[PDB]
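What follows is query_3.cif (mmCIF, C-alpha atoms and all ligand atoms).
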```
data_query
#
loop_
_atom_site.label_atom_id
_atom_site.label_comp_id
_atom_site.auth_asym_id
_atom_site.auth_seq_id
_atom_site.Cartn_x
_atom_site.Cartn_y
_atom_site.Cartn_z
CA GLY A 3 160.68 139.75 222.53
CA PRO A 4 161.61 142.76 220.30
CA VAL A 5 164.77 144.80 221.09
CA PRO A 6 163.86 148.41 222.24
CA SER A 7 164.64 151.49 220.06
CA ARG A 8 164.84 155.30 220.68
CA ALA A 9 165.12 158.28 218.25
CA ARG A 10 168.77 159.42 217.71
CA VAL A 11 167.58 163.13 217.72
CA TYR A 12 164.98 165.18 219.74
CA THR A 13 164.76 162.13 222.06
CA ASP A 14 163.65 163.89 225.27
CA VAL A 15 161.91 167.10 224.00
CA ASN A 16 158.54 166.10 225.60
CA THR A 17 160.05 164.92 228.97
CA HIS A 18 161.20 168.52 229.75
CA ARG A 19 158.10 170.45 228.50
CA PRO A 20 155.27 171.21 231.04
CA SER A 21 152.53 168.48 231.13
CA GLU A 22 150.07 170.90 229.33
CA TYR A 23 152.17 170.76 226.07
CA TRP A 24 151.74 166.95 225.45
CA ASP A 25 148.80 165.94 227.75
CA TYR A 26 146.17 166.72 225.07
CA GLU A 27 143.27 165.01 226.95
CA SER A 28 143.59 167.66 229.74
CA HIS A 29 143.26 170.53 227.16
CA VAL A 30 140.15 172.78 227.43
CA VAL A 31 138.59 173.65 224.04
CA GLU A 32 137.34 177.27 223.95
CA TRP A 33 134.83 176.78 221.07
CA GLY A 34 134.12 179.43 218.41
CA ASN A 35 130.92 180.43 216.56
CA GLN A 36 129.84 178.24 213.57
CA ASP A 37 127.53 181.06 212.23
CA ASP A 38 130.65 183.15 211.25
CA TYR A 39 131.15 180.80 208.21
CA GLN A 40 129.33 180.08 204.92
CA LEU A 41 130.11 176.81 203.03
CA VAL A 42 130.66 177.23 199.25
CA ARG A 43 131.54 173.72 197.89
CA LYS A 44 132.66 170.20 198.97
CA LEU A 45 136.37 169.71 198.17
CA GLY A 46 136.30 166.04 199.22
CA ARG A 47 135.11 163.33 201.62
CA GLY A 48 137.36 160.62 203.03
CA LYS A 49 136.76 157.73 205.44
CA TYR A 50 137.34 160.03 208.48
CA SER A 51 136.62 163.69 207.43
CA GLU A 52 134.93 166.13 204.97
CA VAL A 53 136.65 169.27 203.57
CA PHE A 54 134.91 172.46 202.25
CA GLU A 55 135.95 175.74 200.59
CA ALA A 56 134.26 178.47 202.74
CA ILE A 57 134.08 182.24 203.58
CA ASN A 58 134.37 183.92 207.01
CA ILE A 59 131.53 186.53 206.81
CA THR A 60 133.01 188.53 209.81
CA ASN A 61 136.09 189.65 207.70
CA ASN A 62 135.21 188.54 204.05
CA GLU A 63 138.30 186.18 204.02
CA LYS A 64 138.50 182.76 202.24
CA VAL A 65 138.89 179.73 204.59
CA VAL A 66 138.94 175.89 204.49
CA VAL A 67 136.53 173.99 206.82
CA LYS A 68 137.28 170.40 207.90
CA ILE A 69 134.37 168.57 209.57
CA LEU A 70 135.23 165.38 211.52
CA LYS A 71 133.17 162.16 211.09
CA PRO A 72 131.72 160.86 214.46
CA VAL A 73 134.10 157.81 214.22
CA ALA A 74 137.23 160.11 213.96
CA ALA A 75 135.95 162.64 216.58
CA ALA A 76 137.62 160.68 219.49
CA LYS A 77 141.16 162.13 219.10
CA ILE A 78 140.14 165.75 218.17
CA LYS A 79 141.96 167.21 221.25
CA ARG A 80 145.25 165.61 219.97
CA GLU A 81 145.00 167.23 216.48
CA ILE A 82 143.99 170.60 218.10
CA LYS A 83 146.95 170.51 220.58
CA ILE A 84 149.44 169.59 217.79
CA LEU A 85 148.08 172.38 215.48
CA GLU A 86 148.30 175.05 218.24
CA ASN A 87 151.86 173.97 219.31
CA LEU A 88 153.15 174.15 215.65
CA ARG A 89 151.25 177.35 214.62
CA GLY A 90 153.55 179.90 212.95
CA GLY A 91 156.19 177.25 212.15
CA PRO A 92 157.81 177.03 208.66
CA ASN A 93 155.46 175.60 205.96
CA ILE A 94 152.87 174.41 208.60
CA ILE A 95 149.13 175.00 207.88
CA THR A 96 147.59 177.66 210.21
CA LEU A 97 144.55 176.71 212.38
CA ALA A 98 142.30 179.85 212.59
CA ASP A 99 139.25 178.46 214.56
CA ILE A 100 137.54 175.40 216.19
CA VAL A 101 133.69 175.29 215.99
CA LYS A 102 130.86 172.70 216.27
CA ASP A 103 128.80 171.65 213.18
CA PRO A 104 125.15 173.08 213.29
CA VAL A 105 123.20 169.87 212.36
CA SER A 106 125.66 167.35 213.99
CA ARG A 107 127.59 167.77 217.29
CA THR A 108 131.04 166.83 215.71
CA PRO A 109 133.99 169.32 215.84
CA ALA A 110 135.01 171.36 212.76
CA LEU A 111 138.52 172.84 212.21
CA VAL A 112 138.93 176.12 210.25
CA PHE A 113 142.20 176.78 208.28
CA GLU A 114 143.80 179.43 205.97
CA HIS A 115 143.09 179.00 202.21
CA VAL A 116 145.92 177.59 200.03
CA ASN A 117 146.02 177.84 196.21
CA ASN A 118 146.56 175.17 193.50
CA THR A 119 145.48 172.18 195.64
CA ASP A 120 147.33 168.81 195.61
CA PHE A 121 151.08 168.10 195.32
CA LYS A 122 150.13 164.99 193.30
CA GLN A 123 148.63 167.22 190.57
CA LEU A 124 152.06 168.85 189.95
CA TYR A 125 154.83 166.53 191.36
CA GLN A 126 154.93 164.43 188.09
CA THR A 127 155.60 167.55 185.82
CA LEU A 128 158.36 169.41 187.80
CA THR A 129 161.85 170.25 186.52
CA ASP A 130 165.01 168.93 188.33
CA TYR A 131 165.51 172.34 190.04
CA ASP A 132 161.83 172.47 191.21
CA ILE A 133 162.03 168.88 192.70
CA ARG A 134 165.08 170.04 194.73
CA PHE A 135 163.39 173.36 195.73
CA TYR A 136 160.10 171.74 196.96
CA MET A 137 161.94 168.81 198.70
CA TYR A 138 163.88 171.49 200.74
CA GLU A 139 160.57 173.25 201.63
CA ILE A 140 159.03 169.93 202.91
CA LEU A 141 162.23 169.27 204.95
CA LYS A 142 161.82 172.71 206.74
CA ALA A 143 158.32 171.59 207.93
CA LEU A 144 159.51 168.07 209.04
CA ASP A 145 162.59 169.33 210.93
CA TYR A 146 160.31 171.85 212.64
CA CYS A 147 157.65 169.35 213.79
CA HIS A 148 160.29 166.74 214.82
CA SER A 149 162.17 169.47 216.83
CA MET A 150 158.82 170.16 218.59
CA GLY A 151 158.47 166.46 219.57
CA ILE A 152 155.84 165.55 216.96
CA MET A 153 155.75 162.78 214.23
CA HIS A 154 153.37 163.55 211.25
CA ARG A 155 152.79 159.79 210.37
CA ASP A 156 150.89 160.59 207.10
CA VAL A 157 153.49 162.12 204.67
CA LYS A 158 152.28 161.68 201.06
CA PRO A 159 151.60 163.93 197.99
CA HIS A 160 147.88 164.51 198.88
CA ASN A 161 149.02 166.02 202.22
CA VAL A 162 151.25 168.67 200.67
CA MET A 163 149.61 171.79 199.25
CA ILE A 164 151.62 173.75 196.70
CA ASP A 165 151.05 177.25 195.30
CA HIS A 166 153.28 176.82 192.23
CA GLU A 167 152.67 180.43 191.06
CA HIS A 168 154.01 181.90 194.35
CA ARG A 169 156.55 179.00 194.97
CA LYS A 170 154.89 178.23 198.36
CA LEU A 171 154.18 174.93 200.11
CA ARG A 172 152.15 173.80 203.20
CA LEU A 173 152.15 170.41 205.06
CA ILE A 174 148.48 169.59 205.93
CA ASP A 175 146.23 166.92 207.64
CA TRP A 176 147.71 166.49 211.14
CA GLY A 177 144.86 164.02 212.05
CA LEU A 178 147.31 161.09 212.44
CA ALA A 179 150.14 163.15 214.10
CA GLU A 180 151.42 162.06 217.54
CA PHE A 181 153.74 163.22 220.35
CA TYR A 182 157.02 161.22 220.47
CA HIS A 183 157.73 159.69 223.95
CA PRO A 184 160.87 157.47 224.25
CA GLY A 185 160.04 153.78 224.77
CA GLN A 186 156.34 154.11 223.79
CA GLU A 187 154.79 151.37 221.58
CA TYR A 188 152.59 153.02 218.90
CA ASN A 189 149.83 151.75 216.59
CA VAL A 190 151.28 150.44 213.25
CA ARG A 191 147.99 151.21 211.35
CA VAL A 192 149.18 154.71 210.28
CA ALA A 193 150.24 156.34 206.90
CA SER A 194 148.93 155.38 203.39
CA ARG A 195 149.87 151.86 202.03
CA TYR A 196 152.46 153.07 199.44
CA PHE A 197 154.22 155.31 202.01
CA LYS A 198 154.29 152.88 204.99
CA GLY A 199 157.79 152.26 206.39
CA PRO A 200 159.14 148.65 206.78
CA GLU A 201 158.83 149.06 210.62
CA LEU A 202 154.98 149.28 210.15
CA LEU A 203 154.90 146.37 207.63
CA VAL A 204 156.78 143.98 210.03
CA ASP A 205 154.67 145.17 213.06
CA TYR A 206 157.55 146.93 214.99
CA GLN A 207 155.75 149.33 217.38
CA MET A 208 158.70 151.28 218.95
CA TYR A 209 159.14 153.62 215.94
CA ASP A 210 159.87 157.41 215.81
CA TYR A 211 160.25 160.57 213.60
CA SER A 212 162.34 158.45 211.07
CA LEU A 213 159.02 156.92 209.80
CA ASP A 214 158.34 160.33 208.07
CA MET A 215 161.80 160.15 206.42
CA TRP A 216 160.95 156.77 204.72
CA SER A 217 157.63 158.34 203.42
CA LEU A 218 159.64 161.37 202.10
CA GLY A 219 162.07 158.92 200.34
CA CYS A 220 159.00 157.26 198.63
CA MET A 221 157.89 160.70 197.36
CA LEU A 222 161.43 161.50 196.04
CA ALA A 223 161.73 158.12 194.15
CA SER A 224 158.29 158.75 192.51
CA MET A 225 159.35 162.28 191.38
CA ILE A 226 162.87 161.58 190.00
CA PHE A 227 161.85 158.25 188.28
CA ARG A 228 158.31 159.36 187.10
CA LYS A 229 156.74 156.19 188.62
CA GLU A 230 153.65 156.70 190.81
CA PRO A 231 153.66 155.05 193.26
CA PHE A 232 157.26 153.83 193.41
CA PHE A 233 156.40 150.77 195.62
CA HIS A 234 153.00 149.48 194.28
CA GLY A 235 151.85 146.83 196.79
CA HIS A 236 148.53 144.96 196.37
CA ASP A 237 148.07 144.85 200.20
CA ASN A 238 150.29 145.39 203.33
CA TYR A 239 152.08 141.99 202.80
CA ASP A 240 152.76 142.56 199.06
CA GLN A 241 153.95 146.12 199.96
CA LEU A 242 156.97 144.57 201.79
CA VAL A 243 157.63 142.16 198.81
CA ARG A 244 157.68 145.20 196.39
CA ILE A 245 160.26 146.90 198.68
CA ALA A 246 162.35 143.64 198.94
CA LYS A 247 162.58 143.40 195.09
CA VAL A 248 164.47 146.77 195.17
CA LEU A 249 166.42 146.88 198.48
CA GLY A 250 167.01 143.10 198.54
CA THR A 251 166.25 140.40 201.14
CA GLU A 252 169.69 140.19 202.92
CA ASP A 253 169.36 143.72 204.39
CA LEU A 254 165.69 142.96 205.39
CA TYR A 255 166.73 139.84 207.33
CA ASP A 256 169.69 141.74 208.93
CA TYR A 257 167.09 144.39 210.06
CA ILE A 258 164.67 141.82 211.63
CA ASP A 259 167.75 140.15 213.35
CA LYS A 260 169.09 143.49 214.84
CA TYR A 261 165.78 144.29 216.59
CA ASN A 262 164.71 140.61 217.15
CA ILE A 263 161.54 141.25 215.06
CA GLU A 264 159.17 138.30 214.76
CA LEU A 265 158.19 137.91 211.08
CA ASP A 266 154.58 136.87 210.23
CA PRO A 267 154.74 133.21 208.91
CA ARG A 268 152.82 134.28 205.75
CA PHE A 269 156.05 136.16 204.68
CA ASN A 270 158.08 132.85 204.58
CA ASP A 271 156.72 131.82 201.13
CA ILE A 272 156.27 135.30 199.48
CA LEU A 273 159.55 137.21 200.33
CA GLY A 274 161.87 134.88 198.34
CA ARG A 275 165.52 135.87 197.72
CA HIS A 276 166.50 139.22 196.12
CA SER A 277 169.77 141.22 195.85
CA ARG A 278 170.09 145.02 196.44
CA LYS A 279 169.41 146.73 193.06
CA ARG A 280 171.43 149.74 191.83
CA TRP A 281 169.27 152.92 191.57
CA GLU A 282 170.53 153.35 187.93
CA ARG A 283 168.16 150.46 186.87
CA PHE A 284 165.14 152.85 187.16
CA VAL A 285 166.81 155.46 184.85
CA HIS A 286 165.44 155.79 181.27
CA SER A 287 165.45 158.37 178.41
CA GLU A 288 162.22 160.08 179.68
CA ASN A 289 163.51 160.61 183.33
CA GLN A 290 167.36 160.91 182.91
CA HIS A 291 167.18 164.78 183.19
CA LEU A 292 165.73 164.47 186.79
CA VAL A 293 168.54 162.10 187.93
CA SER A 294 172.06 163.02 189.12
CA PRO A 295 174.72 161.22 191.26
CA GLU A 296 173.63 163.61 194.13
CA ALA A 297 169.90 162.57 193.72
CA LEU A 298 170.77 158.83 193.83
CA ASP A 299 173.14 159.18 196.82
CA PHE A 300 170.42 161.18 198.73
CA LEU A 301 167.64 158.65 197.87
CA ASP A 302 169.93 155.76 198.96
CA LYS A 303 170.37 157.41 202.41
CA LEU A 304 166.54 157.81 202.96
CA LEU A 305 165.27 154.41 201.72
CA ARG A 306 166.94 152.12 204.33
CA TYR A 307 165.15 149.28 206.21
CA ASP A 308 166.90 150.25 209.48
CA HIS A 309 164.93 153.30 210.81
CA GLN A 310 167.98 154.36 212.95
CA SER A 311 170.28 154.49 209.84
CA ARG A 312 168.13 156.92 207.71
CA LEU A 313 169.15 160.57 207.45
CA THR A 314 167.30 162.87 209.91
CA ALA A 315 165.48 165.98 208.43
CA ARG A 316 168.44 168.24 209.46
CA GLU A 317 171.11 165.87 207.93
CA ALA A 318 169.00 165.65 204.74
CA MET A 319 169.08 169.51 204.52
CA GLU A 320 172.98 169.32 204.58
CA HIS A 321 173.11 166.95 201.53
CA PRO A 322 174.94 168.04 198.28
CA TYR A 323 171.65 167.50 196.32
CA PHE A 324 170.52 170.89 197.81
CA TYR A 325 173.75 172.87 197.01
CA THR A 326 172.15 174.15 193.72
CA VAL A 327 169.06 175.51 195.60
CA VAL A 328 169.14 179.31 196.23
CA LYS A 329 168.95 180.05 200.00
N1 LIG A 401 144.08 174.04 203.96
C1 LIG A 401 143.67 173.75 202.70
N2 LIG A 401 143.69 174.69 201.73
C2 LIG A 401 143.29 174.43 200.48
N3 LIG A 401 142.83 173.23 200.08
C3 LIG A 401 142.75 172.20 200.95
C4 LIG A 401 143.18 172.40 202.34
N4 LIG A 401 142.99 171.23 202.98
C5 LIG A 401 142.50 170.35 202.07
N5 LIG A 401 142.36 170.93 200.87
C6 LIG A 401 141.84 170.29 199.64
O1 LIG A 401 140.58 169.66 199.89
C7 LIG A 401 140.44 168.52 199.05
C8 LIG A 401 139.77 167.38 199.80
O2 LIG A 401 140.78 166.67 200.51
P1 LIG A 401 140.49 165.24 201.17
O3 LIG A 401 140.89 165.30 202.62
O4 LIG A 401 139.12 164.75 200.77
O5 LIG A 401 141.55 164.32 200.38
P2 LIG A 401 142.71 163.57 201.21
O6 LIG A 401 142.12 163.06 202.50
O7 LIG A 401 143.92 164.48 201.24
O8 LIG A 401 143.07 162.31 200.28
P3 LIG A 401 143.45 160.92 200.99
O9 LIG A 401 142.13 160.19 201.08
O10 LIG A 401 144.45 160.29 200.05
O11 LIG A 401 144.01 161.35 202.32
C9 LIG A 401 141.83 168.13 198.58
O12 LIG A 401 141.85 168.09 197.15
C10 LIG A 401 142.77 169.19 199.13
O13 LIG A 401 143.67 169.71 198.15
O1 LIG A 402 126.29 175.30 206.45
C1 LIG A 402 126.87 174.74 207.35
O2 LIG A 402 126.71 173.44 207.64
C2 LIG A 402 125.89 172.68 206.72
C3 LIG A 402 126.04 171.20 206.97
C4 LIG A 402 125.50 170.75 208.32
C5 LIG A 402 125.58 169.23 208.45
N1 LIG A 402 126.96 168.73 208.28
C6 LIG A 402 127.00 167.27 208.40
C7 LIG A 402 127.83 166.77 209.57
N2 LIG A 402 127.50 165.37 209.84
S1 LIG A 402 128.64 164.33 210.35
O3 LIG A 402 127.97 163.09 210.59
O4 LIG A 402 129.33 164.98 211.43
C8 LIG A 402 129.77 164.09 209.03
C9 LIG A 402 129.36 163.42 207.89
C10 LIG A 402 130.26 163.21 206.86
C11 LIG A 402 131.56 163.67 206.96
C12 LIG A 402 131.96 164.36 208.10
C13 LIG A 402 131.07 164.57 209.14
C14 LIG A 402 127.51 169.16 206.98
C15 LIG A 402 127.46 170.68 206.80
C16 LIG A 402 127.86 175.40 208.24
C17 LIG A 402 127.91 176.76 208.48
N3 LIG A 402 128.96 177.05 209.31
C18 LIG A 402 129.62 175.88 209.63
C19 LIG A 402 130.73 175.67 210.45
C20 LIG A 402 131.18 174.37 210.62
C21 LIG A 402 130.55 173.30 209.99
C22 LIG A 402 129.45 173.52 209.17
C23 LIG A 402 128.96 174.82 208.98
#
```
Now that the file is in, can you turn its structure into structure tokens?
Amino acid sequence: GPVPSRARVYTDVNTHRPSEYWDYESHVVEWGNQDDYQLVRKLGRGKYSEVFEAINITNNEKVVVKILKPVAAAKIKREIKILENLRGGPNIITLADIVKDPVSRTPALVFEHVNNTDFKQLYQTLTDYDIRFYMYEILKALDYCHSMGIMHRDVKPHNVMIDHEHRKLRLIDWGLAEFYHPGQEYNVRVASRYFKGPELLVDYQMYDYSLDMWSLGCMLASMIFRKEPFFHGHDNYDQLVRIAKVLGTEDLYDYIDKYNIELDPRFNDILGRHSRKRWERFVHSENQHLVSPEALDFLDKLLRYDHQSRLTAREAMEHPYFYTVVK
């Protein structure tokens, strides 16, 4: 069977905390009043939730209302507990209220309003300095949630809200977030296809906070090389092939050997043989200004098959790539 794995940082944060911190099913929801809010317009509808721009009539302030679909309403206590535990933390979205929808029974989460929408809208037009600046801001949020014993598990450009005018950033959508418990086997059906770590693609369930660091590495490669997404898989199997064409097959097989990971037999005839490519191969005249030896060294230390070898959020913050950022 597979060889066990544990996080190399914040390993036992939840073992010491009182049961109330991580036992989300025991949490008692003190519901608010739905009538205090007026919906203005639908911002979007996904497979699990619906988001609206709204106004709190009790104080004239602008809010964001997220209504849960009945199918995704099962783990609402988990998302509430995580949001309350992280409230006030650096670059973390603030939960202001929890109400029930008027027509349907389903819970609705109320948040602070954040200007300029999606990270994806701006992340392909940033200067070198701005990529460095915003990467440091995301790292503050990830080190904070990891230090609090929580994995985000859905890091991607659509989940980062940036107010470019005020040089402000917020990490949103904590619907897939989970408490890290050493030795626990988690569900591998998390994160968006292009941002899934190799541990999810090979069905290795004993993963940790380092999953978020692979997703962050995917975001960095897309920004500095102007290629969105960087790893463009057709499905979950082709996603691993796309990765293998860059990182090579030798390091992939060394990874499955280290943790005694059983590979799906459908990978035998699609993986092939590939050597580790130099990051300089993705450099061209149109993206050369966004690339530096520091950027390539940093990217190389994030995008590693072995989840235990990747830089942690705190080590990433120490990298020379961030020396030019004003602190
Ligand atoms: N707290 C917030 N403040 C301001 N805008 C928000 C907030 N939360 C979500 N939005 C906006 O609401 C819109 C609807 O988001 P929606 O959840 O439908 O997309 P998504 O789920 O992020 O995309 P994906 O399906 O890739 O996850 C988004 O464009 C997003 O920018
Ligand atoms: O005007 C209001 O609600 C109008 C609508 C009442 C009906 N609901 C539909 C909920 N049905 S649902 O099946 O839960 C659903 C469907 C799609 C996506 C997510 C969830 C949409 C909003 C509200 C006024 N204050 C609120 C506070 C929370 C939620 C809604 C409101």
TODO: Collect all residues with atoms no farther than 6 Å from ligand LIG 401 (chain A), counting all atoms listed in the file, and output them as JSON, numbers by chain.
DONE: {"A": [45, 46, 47, 48, 53, 66, 113, 114, 115, 116, 119, 120, 160, 161]}
Open item on the list: Please find the residues contacting ligand LIG 402 (chain A) at a distance of at most 8 Å between atoms, with only C-alpha atoms and all ligand atoms counted, and report them as JSON, numbers by chain.
Closed with: {"A": [35, 36, 37, 38, 39, 40, 41, 47, 48, 50, 51, 52, 67, 68, 69, 70, 71, 72, 101, 102, 103, 104, 105, 106, 107, 108, 109, 110, 111, 112]}
List every residue of segment 130-206 of chain A that has an atom at most 12 Å from any atom of segment 20-30 of chain A, giving for each one its closest atom pair and the distance in Å to one decimal, counting all atoms listed in the file, sorted by chain and then by ascending residue number, as a tab-separated table.
```
residue	atom	partner	partner_atom	distance
A:150	CA	A:23	CA	10.0
A:151	CA	A:24	CA	9.0
A:152	CA	A:24	CA	9.5
A:180	CA	A:24	CA	9.3
A:181	CA	A:24	CA	6.6
A:182	CA	A:24	CA	9.2
A:183	CA	A:24	CA	9.5
```
TODO: Would you work out the distance separating atom CA of residue 202 of chain A from atom CA of residue 12 of chain A, expressed in Å to one decimal?
DONE: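 Atom CA of residue 202 of chain A sits 21.1 Å away from atom CA of residue 12 of chain A.
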What are the nearest atom pairs, with distances in Å to one decimal, for all residues of segment 168-206 of chain A that come at most 8 Å from segment 91-98 of chain A, using all atoms listed in the file, set out by chain and rising residue number as a tab-separated table?
```
residue	atom	partner	partner_atom	distance
A:171	CA	A:93	CA	6.0
A:172	CA	A:93	CA	4.7
A:173	CA	A:94	CA	5.4
A:174	CA	A:95	CA	5.8
```
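Of the listed residues (A:200, A:274, A:34, A:322), A:34 comes nearest to residue 100 of chain A; the distances count all atoms listed in the file.
Proximity to segment 123-126 of chain A at 9 Å, evaluated using all atoms listed in the file and with sequence-adjacent residues fewer than 5 positions away removed, yields residues 118, 133, 159, 160, 164, 166, 221, 224, 225, 226, 228, 229 and 230 of chain A.
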TODO: Name the closest residue to residue 205 of chain A among the candidates A:4, A:249, A:256, A:303; distances are taken between atoms, counting only C-alpha atoms.
DONE: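 Of all the options, A:4 lies closest to residue 205 of chain A.
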Open item on the list: Excluding residue 242 of chain A and its own-chain neighbours fewer than 5 positions away, which residues fall within 12 Å of it when counting all atoms listed in the file? Please give them as a PyMOL selection string.
Closed with: chain A and resi 195-205+233-237+247-251+254+265-266+268-269+272-274+307
- [ ] Could you give me, as an MDAnalysis selection string, the residues that sit within 9 Å of (166.9, 169.6, 194.8) in the file's coordinates, counting only C-alpha atoms?
- [x] chainID A and resid 130:138 297 322:327
Need the shell around residue 216 of chain A: protein/DNA/RNA residues with any atom at most 7 Å away, counting only C-alpha atoms. Skip same-chain ones fewer than 3 positions apart. Format as an mmCIF file with C-alpha atoms, keeping the file's coordinate frame?
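Generated file (result-v7.cif):
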```cif
data_model
loop_
_atom_site.group_PDB
_atom_site.id
_atom_site.type_symbol
_atom_site.label_atom_id
_atom_site.label_comp_id
_atom_site.auth_asym_id
_atom_site.auth_seq_id
_atom_site.Cartn_x
_atom_site.Cartn_y
_atom_site.Cartn_z
ATOM 1 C CA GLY A 199 157.790 152.260 206.390
ATOM 2 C CA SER A 212 162.340 158.450 211.070
ATOM 3 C CA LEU A 213 159.020 156.920 209.800
ATOM 4 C CA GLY A 219 162.070 158.920 200.340
ATOM 5 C CA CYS A 220 159.000 157.260 198.630
ATOM 6 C CA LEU A 304 166.540 157.810 202.960
ATOM 7 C CA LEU A 305 165.270 154.410 201.720
#
```
Open item on the list: Need the shell around segment 286-291 of chain A: protein/DNA/RNA residues with any atom at most 9 Å away, counting only C-alpha atoms. Skip same-chain ones fewer than 2 positions apart. Format as an MDAnalysis selection string?
Closed with: chainID A and resid 129:130 226:228 282:284 293:294
Open item on the list: What's the separation between atom CA of residue 155 of chain A and atom CA of residue 179 of chain A, in Å to one decimal place?
Closed with: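 So the answer is 5.7 Å.
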Six-sided padding of 5 Å per side, axis-aligned box over segment 238-246 of chain A, centre and edges in Å, one decimal, as lines of an AutoDock Vina configuration file:
```
center_x = 156.3
center_y = 144.4
center_z = 199.9
size_x = 22.1
size_y = 14.9
size_z = 16.9
```
